[PDB]
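Mapping of the sequence shown onto the deposited numbering: residues 168 to 256, in sequence order.
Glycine residues also receive a C-beta, built at the ideal position from the N, C-alpha and C atoms.
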Amino acid sequence: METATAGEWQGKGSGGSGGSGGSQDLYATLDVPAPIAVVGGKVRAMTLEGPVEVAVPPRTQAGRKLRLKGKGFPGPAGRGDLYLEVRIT
């Protein structure tokens with residue numbers, strides 16, 4: 168895994184795997200303020216046990232989301248995935 172607690176956005180960082188679908192999944196919100204969105208800083212993502220923190224790309228708009236593998240609910244088959252809708256506030 169990378170040093171970052173998050174994978175990719177949806178192409179940004181690296182086109183790892185463009186495929187939204189799985190199980191044991193979670194729906195959350197990425198709270199990105201308009202300043203951090205423009206400059207491309209970092210923001211927190213709500214997760215199970217603790218928080219994630221992703222590097223926001225410069226000048227991000229809302230309606231995007233993170234796809235995070237192993238950040239959805241813990242299950243007897245391992246863990247699920249976490250899709251969290253980006254808001255620019």
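According to DSSP, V219 shares a beta bridge with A212. In the DSSP secondary-structure assignment, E252 is bridged to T196, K232. Taking C-beta separations shorter than 6 Å and ignoring five residues to either side along the sequence, the partners of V219 in its chain run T172, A173, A212, following chain order. Following the DSSP letters along the chain, one finds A173 in no alpha helix (DSSP H), marked with neither H nor E. With a threshold of 16 other beta carbon atoms within 10 Å, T227 meets it and is buried. Between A204 and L233, the alpha-carbon positions lie close to 14 Å from each other. Excluding the 5 residues flanking it on each side, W176 has same chain C-beta neighbours closer than 7 Å at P224, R231, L233, in chain order.
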